[PDB]
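**Q** Shown below is the structure under consideration.
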Amino acid sequence: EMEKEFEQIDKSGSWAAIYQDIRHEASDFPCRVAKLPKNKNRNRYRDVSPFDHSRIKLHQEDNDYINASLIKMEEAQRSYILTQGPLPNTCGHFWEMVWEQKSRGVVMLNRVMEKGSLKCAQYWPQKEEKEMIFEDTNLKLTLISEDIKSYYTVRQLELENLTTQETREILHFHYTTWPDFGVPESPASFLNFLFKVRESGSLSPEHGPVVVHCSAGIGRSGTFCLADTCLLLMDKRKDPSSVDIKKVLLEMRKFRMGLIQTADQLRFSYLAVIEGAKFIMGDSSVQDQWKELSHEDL
Ligand SMILES: O=C(O)COc1c(C(=O)O)sc(-c2cccc(NCc3ccccc3)c2)c1Br
């Protein structure tokens with residue numbers, strides 16, 4: 001049981017060991033295409049690559065590679081696509097994937113610049129009058145509106161397939177106060193953000209899988225996804241006790257390496273899930289508490 005285990009791991013201050021155990025048992029699979037010489041400039045990080053068996057394939061004959069993985073959680077019945085922050089040369093590829101995979105939402109957990117370096121390219125338009133056109137993939141992206149809150153921003157975008165002139169609305173959830181290698185301000189602000197994404201309908205099985213990215217697409221993105229899946233599993237069985245977080249994380253790690261980077265991110269995952277369980281089990285009252293406490297209005 002997660003709540004009891006959390007006390008014991010936290011009483012004996014052994015999160016580092018518990019976290020290392022997961023790294024030890026983690027799946028290892030080949031990443032051969034990601035390592036092909038022609039895809040060197042398509043990877044933000046030399047040591048972070050998508051497994052061949054779960055990588056998203058761009059629907060083009062030229063080169064189908066993008067550093068993105070399809071994390072399909074069979075039991076929970078929800079899929080996510082975790083990817084790196086798009087590079088100045090992979091933005092077309094990024095939106096091609098969003099279009100091809102029929103995704104409706106994009107969750108960004110990082111800022112364009114962090115600790116003095118550029119962790120992600122500016123892949124979306126910042127002003128309505130200056131839309132972006134990706135010539136290589138033939139797509140057009142236009143900022144339609146945006147609701148800015150204290151620690152996160154929700155943008156409404158219109159993506160157009162120039163070849164067919166087909167149009168889709170894409171919701172963009174940008175968490176701006178999540179430190180790289182760090183954890184959210186509190187379980188509250190995290191859950192508040194998660195439910196925003198949830199209420200947008202972006203996680204609905206009627207849509208393609210939601211795209212989740214940070215800089216490398218495994219640390220923060222990993223934390224985000226583990227928490228969501230654990231709450232969904234718990235929700236489907238309406239029994240928080242039937243959820244093994246570590247086992248769930250190890251299952252995710254079969255689809256993409258390195259998910260969740262620090263022992264504190266793992267500890268925080270517990271925090272978020274245990275708190276979120278309150279809502280799942282009938283306490284709809286907590287949702288307002290998380291909003292009031294995230295301080296999103298400032
Ligand atoms: O989102 C965050 O909190 C942090 O995100 C990040 C980074 C960032 O935001 O700058 S860099 C990075 C990274 C890059 C190369 C190797 C390893 N570590 C070695 C490794 C690679 C693959 C699997 C397990 C360990 C980590 C990770 Br993750």
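Chains: A, B, ... in order of the structure tokens. Residues: from 1 per chain. Ligands: from 1, in order shown.
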Residues within 9 Å of ligand 1 should be enumerated using only C-alpha atoms and all ligand atoms and returned as number ranges by chain.

**A** A: 23, 44-49, 109-110, 114-115, 117-119, 178-183, 213-223, 256-262, 265

**Q** Deliver the residues from the most recent selection as a file, using N, CA and C atoms, as an mmCIF file, in the first residue's frame.

**A**
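again.cif written:
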```cif
data_model
loop_
_atom_site.group_PDB
_atom_site.id
_atom_site.type_symbol
_atom_site.label_atom_id
_atom_site.label_comp_id
_atom_site.auth_asym_id
_atom_site.auth_seq_id
_atom_site.Cartn_x
_atom_site.Cartn_y
_atom_site.Cartn_z
ATOM 1 N N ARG A 23 16.148 1.851 -11.327
ATOM 2 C CA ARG A 23 17.090 2.010 -12.427
ATOM 3 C C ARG A 23 17.726 0.662 -12.771
ATOM 4 N N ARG A 44 18.323 15.759 -29.232
ATOM 5 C CA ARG A 44 18.777 16.833 -28.364
ATOM 6 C C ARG A 44 19.856 16.304 -27.438
ATOM 7 N N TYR A 45 19.677 15.069 -26.974
ATOM 8 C CA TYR A 45 20.645 14.439 -26.077
ATOM 9 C C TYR A 45 21.184 13.102 -26.592
ATOM 10 N N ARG A 46 22.508 13.003 -26.627
ATOM 11 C CA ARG A 46 23.197 11.805 -27.080
ATOM 12 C C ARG A 46 22.764 10.569 -26.276
ATOM 13 N N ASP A 47 22.614 10.720 -24.958
ATOM 14 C CA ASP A 47 22.228 9.599 -24.097
ATOM 15 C C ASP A 47 20.727 9.362 -23.877
ATOM 16 N N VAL A 48 19.864 10.113 -24.553
ATOM 17 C CA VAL A 48 18.422 9.928 -24.389
ATOM 18 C C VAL A 48 17.802 9.599 -25.744
ATOM 19 N N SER A 49 17.434 8.335 -25.919
ATOM 20 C CA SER A 49 16.882 7.900 -27.192
ATOM 21 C C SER A 49 15.666 7.021 -27.065
ATOM 22 N N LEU A 109 6.416 20.855 -20.092
ATOM 23 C CA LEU A 109 6.754 20.993 -18.685
ATOM 24 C C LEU A 109 8.022 21.786 -18.415
ATOM 25 N N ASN A 110 8.564 22.394 -19.459
ATOM 26 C CA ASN A 110 9.792 23.163 -19.326
ATOM 27 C C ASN A 110 9.633 24.556 -19.911
ATOM 28 N N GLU A 114 16.405 27.537 -19.636
ATOM 29 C CA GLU A 114 16.541 27.123 -18.252
ATOM 30 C C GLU A 114 18.020 27.124 -17.904
ATOM 31 N N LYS A 115 18.332 27.673 -16.734
ATOM 32 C CA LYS A 115 19.702 27.731 -16.260
ATOM 33 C C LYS A 115 20.694 28.207 -17.325
ATOM 34 N N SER A 117 20.620 27.952 -20.596
ATOM 35 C CA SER A 117 20.665 27.270 -21.887
ATOM 36 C C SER A 117 19.286 27.057 -22.513
ATOM 37 N N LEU A 118 19.273 26.890 -23.830
ATOM 38 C CA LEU A 118 18.040 26.673 -24.569
ATOM 39 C C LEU A 118 17.679 25.181 -24.617
ATOM 40 N N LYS A 119 16.713 24.831 -23.767
ATOM 41 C CA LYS A 119 16.203 23.480 -23.590
ATOM 42 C C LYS A 119 15.178 23.054 -24.628
ATOM 43 N N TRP A 178 8.305 24.564 -13.246
ATOM 44 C CA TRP A 178 8.775 23.242 -12.838
ATOM 45 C C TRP A 178 10.276 23.200 -13.112
ATOM 46 N N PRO A 179 11.102 23.236 -12.051
ATOM 47 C CA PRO A 179 12.556 23.207 -12.227
ATOM 48 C C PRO A 179 13.093 21.926 -12.865
ATOM 49 N N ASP A 180 14.036 22.093 -13.788
ATOM 50 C CA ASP A 180 14.674 20.961 -14.438
ATOM 51 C C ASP A 180 15.384 20.177 -13.331
ATOM 52 N N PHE A 181 15.167 18.865 -13.308
ATOM 53 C CA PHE A 181 15.747 17.984 -12.299
ATOM 54 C C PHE A 181 15.089 18.265 -10.962
ATOM 55 N N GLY A 182 14.048 19.097 -10.985
ATOM 56 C CA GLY A 182 13.338 19.439 -9.764
ATOM 57 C C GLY A 182 11.919 18.893 -9.685
ATOM 58 N N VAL A 183 11.152 19.404 -8.727
ATOM 59 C CA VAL A 183 9.774 18.974 -8.541
ATOM 60 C C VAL A 183 8.833 20.169 -8.484
ATOM 61 N N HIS A 213 6.157 16.601 -23.307
ATOM 62 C CA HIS A 213 7.556 16.860 -23.489
ATOM 63 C C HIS A 213 8.123 17.802 -22.489
ATOM 64 N N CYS A 214 9.384 17.612 -22.199
ATOM 65 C CA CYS A 214 10.120 18.598 -21.486
ATOM 66 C C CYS A 214 11.322 18.933 -22.301
ATOM 67 N N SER A 215 12.495 18.900 -21.728
ATOM 68 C CA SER A 215 13.668 19.021 -22.532
ATOM 69 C C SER A 215 14.130 17.714 -23.074
ATOM 70 N N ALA A 216 14.393 16.754 -22.211
ATOM 71 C CA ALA A 216 14.786 15.419 -22.665
ATOM 72 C C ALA A 216 13.571 14.507 -22.864
ATOM 73 N N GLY A 217 12.454 14.857 -22.234
ATOM 74 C CA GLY A 217 11.254 14.053 -22.383
ATOM 75 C C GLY A 217 11.220 12.789 -21.541
ATOM 76 N N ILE A 218 11.880 12.800 -20.390
ATOM 77 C CA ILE A 218 11.863 11.618 -19.537
ATOM 78 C C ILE A 218 11.741 11.940 -18.057
ATOM 79 N N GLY A 219 12.355 13.038 -17.625
ATOM 80 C CA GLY A 219 12.316 13.398 -16.216
ATOM 81 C C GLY A 219 10.970 13.911 -15.735
ATOM 82 N N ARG A 220 10.715 15.186 -16.025
ATOM 83 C CA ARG A 220 9.464 15.828 -15.660
ATOM 84 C C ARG A 220 8.314 15.144 -16.400
ATOM 85 N N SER A 221 8.474 14.938 -17.705
ATOM 86 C CA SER A 221 7.453 14.257 -18.496
ATOM 87 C C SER A 221 7.139 12.907 -17.840
ATOM 88 N N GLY A 222 8.188 12.211 -17.405
ATOM 89 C CA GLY A 222 8.014 10.918 -16.763
ATOM 90 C C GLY A 222 7.187 11.013 -15.492
ATOM 91 N N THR A 223 7.481 12.023 -14.681
ATOM 92 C CA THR A 223 6.764 12.250 -13.432
ATOM 93 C C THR A 223 5.294 12.540 -13.732
ATOM 94 N N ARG A 256 10.035 3.725 -22.796
ATOM 95 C CA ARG A 256 10.986 4.823 -22.940
ATOM 96 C C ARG A 256 11.896 4.813 -21.725
ATOM 97 N N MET A 257 13.185 4.974 -21.955
ATOM 98 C CA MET A 257 14.202 4.973 -20.921
ATOM 99 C C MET A 257 14.147 6.159 -19.994
ATOM 100 N N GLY A 258 14.437 5.942 -18.738
ATOM 101 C CA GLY A 258 14.881 6.999 -17.870
ATOM 102 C C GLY A 258 13.771 7.798 -17.260
ATOM 103 N N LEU A 259 12.562 7.302 -17.379
ATOM 104 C CA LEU A 259 11.405 8.024 -16.941
ATOM 105 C C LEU A 259 11.457 8.347 -15.476
ATOM 106 N N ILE A 260 11.499 9.636 -15.156
ATOM 107 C CA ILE A 260 11.712 10.076 -13.781
ATOM 108 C C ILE A 260 13.184 9.990 -13.396
ATOM 109 N N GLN A 261 13.777 11.138 -13.083
ATOM 110 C CA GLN A 261 15.225 11.299 -13.162
ATOM 111 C C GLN A 261 15.858 11.277 -11.776
ATOM 112 N N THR A 262 15.087 11.683 -10.772
ATOM 113 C CA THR A 262 15.611 11.844 -9.421
ATOM 114 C C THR A 262 14.737 11.122 -8.401
ATOM 115 N N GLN A 265 11.779 13.243 -7.508
ATOM 116 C CA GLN A 265 10.679 13.279 -8.466
ATOM 117 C C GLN A 265 9.800 12.060 -8.186
#
```

**Q** Can you pull out the residues contacting residue A:128? Cut-off 7 Å, using only C-alpha atoms, and skip same-chain residues under 4 positions away; I want them as a JSON list (two decimals) with N, CA and C atoms, in the first residue's frame.

**A**
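Okay, this is what ended up in around33.json:
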```json
[["chain", "number", "residue", "atom", "x", "y", "z"],
["A", 142, "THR", "N", -1.18, 28.61, -36.02],
["A", 142, "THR", "CA", -1.61, 29.96, -35.66],
["A", 142, "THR", "C", -2.06, 30.07, -34.21],
["A", 143, "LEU", "N", -1.56, 31.07, -33.50],
["A", 143, "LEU", "CA", -1.98, 31.28, -32.13],
["A", 143, "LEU", "C", -3.40, 31.86, -32.24],
["A", 144, "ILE", "N", -4.35, 31.27, -31.53],
["A", 144, "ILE", "CA", -5.73, 31.74, -31.58],
["A", 144, "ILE", "C", -6.10, 32.50, -30.30]]
```

**Q** Which residues are near residue A:186? Cut-off 9 Å, only C-alpha atoms, ignore same chain within fewer than 5 positions. Put them as a compact mmCIF listing (two decimals) with C-alpha atoms, in the first residue's frame.

**A**
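Generated output (result-v1.txt):
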```txt
# COMPACT_ATOMS: atom_id res chain seq x y z
CA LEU A 191 -2.65 18.29 -9.54
CA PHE A 268 6.82 13.64 -5.39
CA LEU A 271 2.75 12.73 -2.97
CA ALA A 272 0.68 13.73 -6.02
CA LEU A 293 -3.53 26.91 -3.25
CA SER A 294 -1.75 26.84 -6.61
```

**Q** Enumerate as an MDAnalysis selection string all residues of stretch 52-159 of chain A assigned to alpha helix (DSSP H) by DSSP on the backbone, naming them with the chain letters and numbers the document uses.

**A** chainID A and resid 91:100

**Q** Would you put the residues from that selection into a file with N, CA, C and O atoms, as a compact mmCIF listing (two decimals), in the first residue's frame?

**A**
```txt
# COMPACT_ATOMS: atom_id res chain seq x y z
N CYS A 91 11.03 21.02 -35.64
CA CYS A 91 9.69 21.55 -35.34
C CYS A 91 8.64 21.06 -36.33
O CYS A 91 7.51 20.75 -35.94
N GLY A 92 8.99 21.00 -37.61
CA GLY A 92 8.04 20.50 -38.60
C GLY A 92 7.69 19.06 -38.26
O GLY A 92 6.52 18.65 -38.26
N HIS A 93 8.73 18.28 -37.95
CA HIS A 93 8.59 16.87 -37.58
C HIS A 93 7.66 16.75 -36.38
O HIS A 93 6.78 15.88 -36.34
N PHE A 94 7.87 17.63 -35.40
CA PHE A 94 7.06 17.63 -34.18
C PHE A 94 5.58 17.80 -34.51
O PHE A 94 4.74 17.01 -34.06
N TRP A 95 5.25 18.83 -35.29
CA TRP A 95 3.86 19.05 -35.62
C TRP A 95 3.33 18.00 -36.59
O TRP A 95 2.12 17.73 -36.61
N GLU A 96 4.22 17.37 -37.36
CA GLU A 96 3.80 16.31 -38.28
C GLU A 96 3.33 15.14 -37.42
O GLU A 96 2.34 14.48 -37.71
N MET A 97 4.06 14.90 -36.33
CA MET A 97 3.70 13.82 -35.42
C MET A 97 2.37 14.12 -34.75
O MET A 97 1.51 13.24 -34.65
N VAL A 98 2.18 15.36 -34.30
CA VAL A 98 0.93 15.74 -33.66
C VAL A 98 -0.22 15.50 -34.61
O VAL A 98 -1.27 14.96 -34.23
N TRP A 99 -0.04 15.91 -35.86
CA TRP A 99 -1.08 15.74 -36.85
C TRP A 99 -1.32 14.26 -37.14
O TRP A 99 -2.44 13.77 -37.01
N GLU A 100 -0.26 13.56 -37.53
CA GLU A 100 -0.38 12.14 -37.85
C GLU A 100 -0.95 11.30 -36.72
O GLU A 100 -1.81 10.45 -36.96
```

**Q** Pick the closest to residue A:230 from A:101, A:27, A:269, A:8: which is it, counting only C-alpha atoms?

**A**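 Nearest to residue A:230: A:269.
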
**Q** Of the candidates A:226, A:68, A:273, A:162, which shows the shortest atom-to-atom distance to residue A:247, using only C-alpha atoms?

**A** A:226

**Q** As a list in words, please: every residue in stretch 162-294 of chain A that DSSP puts in strand (DSSP E).

**A**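 Strand (DSSP E) members of stretch 162-294 of chain A, listed: residues 166, 167, 168, 169, 170, 171, 172, 173, 174, 175, 210, 211, 212 and 213 of chain A.
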
**Q** Please dump the current selection as a CSV table (one decimal), in the first residue's frame; keep N, CA, C and O atoms.

**A**
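Final file, selection.csv:
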```
chain,number,residue,atom,x,y,z
A,166,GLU,N,-7.1,20.8,-44.1
A,166,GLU,CA,-7.9,20.3,-43.0
A,166,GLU,C,-7.4,21.1,-41.8
A,166,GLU,O,-6.3,21.5,-41.7
A,167,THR,N,-8.3,21.4,-40.8
A,167,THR,CA,-8.0,22.2,-39.7
A,167,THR,C,-8.3,21.5,-38.3
A,167,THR,O,-9.4,21.0,-38.2
A,168,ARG,N,-7.4,21.6,-37.4
A,168,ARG,CA,-7.7,21.1,-36.0
A,168,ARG,C,-7.3,22.0,-34.9
A,168,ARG,O,-6.3,22.8,-35.0
A,169,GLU,N,-8.0,22.0,-33.8
A,169,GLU,CA,-7.7,22.8,-32.7
A,169,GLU,C,-6.7,22.0,-31.8
A,169,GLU,O,-7.0,20.9,-31.5
A,170,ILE,N,-5.6,22.6,-31.4
A,170,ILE,CA,-4.7,22.0,-30.5
A,170,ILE,C,-4.5,22.8,-29.2
A,170,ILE,O,-4.2,23.9,-29.2
A,171,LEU,N,-4.8,22.1,-28.1
A,171,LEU,CA,-4.6,22.8,-26.8
A,171,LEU,C,-3.2,22.6,-26.3
A,171,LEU,O,-2.6,21.5,-26.4
A,172,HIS,N,-2.6,23.7,-25.8
A,172,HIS,CA,-1.2,23.7,-25.4
A,172,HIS,C,-1.1,24.1,-23.9
A,172,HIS,O,-1.5,25.2,-23.5
A,173,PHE,N,-0.7,23.1,-23.0
A,173,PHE,CA,-0.6,23.4,-21.6
A,173,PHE,C,0.9,23.5,-21.2
A,173,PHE,O,1.6,22.5,-21.3
A,174,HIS,N,1.3,24.7,-20.9
A,174,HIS,CA,2.6,25.0,-20.6
A,174,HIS,C,2.9,25.3,-19.1
A,174,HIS,O,2.5,26.4,-18.6
A,175,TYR,N,3.5,24.4,-18.4
A,175,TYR,CA,3.8,24.5,-17.0
A,175,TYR,C,5.1,25.3,-17.0
A,175,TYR,O,6.1,24.7,-17.5
A,210,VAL,N,-2.0,12.1,-26.1
A,210,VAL,CA,-1.5,13.4,-25.7
A,210,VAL,C,0.0,13.4,-25.9
A,210,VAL,O,0.6,12.4,-25.5
A,211,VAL,N,0.6,14.5,-26.3
A,211,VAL,CA,2.0,14.6,-26.5
A,211,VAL,C,2.6,15.3,-25.2
A,211,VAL,O,2.1,16.4,-24.9
A,212,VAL,N,3.6,14.7,-24.6
A,212,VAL,CA,4.1,15.3,-23.4
A,212,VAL,C,5.6,15.4,-23.5
A,212,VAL,O,6.3,14.5,-23.9
A,213,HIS,N,6.2,16.6,-23.3
A,213,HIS,CA,7.6,16.9,-23.5
A,213,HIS,C,8.1,17.8,-22.5
A,213,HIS,O,7.5,18.7,-22.0
```

**Q** Calculate how many Å separate atom CA of residue A:78 from atom CA of residue A:42, rounding to one decimal.

**A** 27.3 Å

**Q** With only C-alpha atoms as the counted atoms, please give the residues lying no more than 12 Å from residue A:290, apart from itself and same-chain residues fewer than 4 positions off, as a list in words.

**A**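 Skipping anything fewer than 4 positions along the chain leaves residues 185, 186, 187, 188, 189, 190, 191, 192, 193, 194, 195, 196, 272, 275, 276, 278, 279, 284, 285, 286, 294, 295 and 296 of chain A.
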
**Q** For those residues, write C-alpha atoms to a file as a short mmCIF file (atom, residue, chain, number, x, y, z; two decimals), in the first residue's frame.

**A**
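This is the output file part07.cif:
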```cif
data_model
loop_
_atom_site.label_atom_id
_atom_site.label_comp_id
_atom_site.auth_asym_id
_atom_site.auth_seq_id
_atom_site.Cartn_x
_atom_site.Cartn_y
_atom_site.Cartn_z
CA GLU A 185 5.95 23.71 -6.07
CA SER A 186 3.47 21.45 -4.27
CA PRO A 187 1.19 18.48 -4.91
CA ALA A 188 -1.55 21.10 -5.26
CA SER A 189 -0.12 23.11 -8.12
CA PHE A 190 0.79 19.86 -9.88
CA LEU A 191 -2.65 18.29 -9.54
CA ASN A 192 -4.32 21.55 -10.46
CA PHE A 193 -2.34 21.55 -13.72
CA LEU A 194 -3.08 17.87 -14.36
CA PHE A 195 -6.81 18.35 -13.97
CA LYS A 196 -6.71 21.32 -16.30
CA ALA A 272 0.68 13.73 -6.02
CA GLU A 275 -3.34 13.52 -2.68
CA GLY A 276 -5.14 12.97 -6.00
CA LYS A 278 -8.87 11.98 -2.38
CA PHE A 279 -10.67 13.29 -5.46
CA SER A 284 -14.59 16.44 -5.12
CA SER A 285 -13.99 19.16 -2.52
CA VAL A 286 -10.16 18.94 -2.87
CA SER A 294 -1.75 26.84 -6.61
CA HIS A 295 -2.10 30.65 -6.56
CA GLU A 296 -2.78 30.56 -10.30
#
```

**Q** Measuring between only C-alpha atoms, which one of A:127, A:40, A:246, A:104 shows the shortest distance to residue A:266?

**A**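 Of all the options, A:246 lies closest to residue A:266.
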
**Q** Could you state the separation of atom CA of residue A:72 and atom CA of residue A:56 in Å, given to one decimal place?

**A**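 So the answer is 11.6 Å.
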
**Q** Between atom CA of residue A:87 and atom CA of residue A:120, what is the distance in Å, rounded to a tenth?

**A**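 Interatomic distance here is 6.3 Å.
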
**Q** So which one's closest to residue A:132, A:235, A:267, A:160, A:37? Using only C-alpha atoms, please.

**A**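 Checking each candidate against residue A:132, we get A:160 as the closest.
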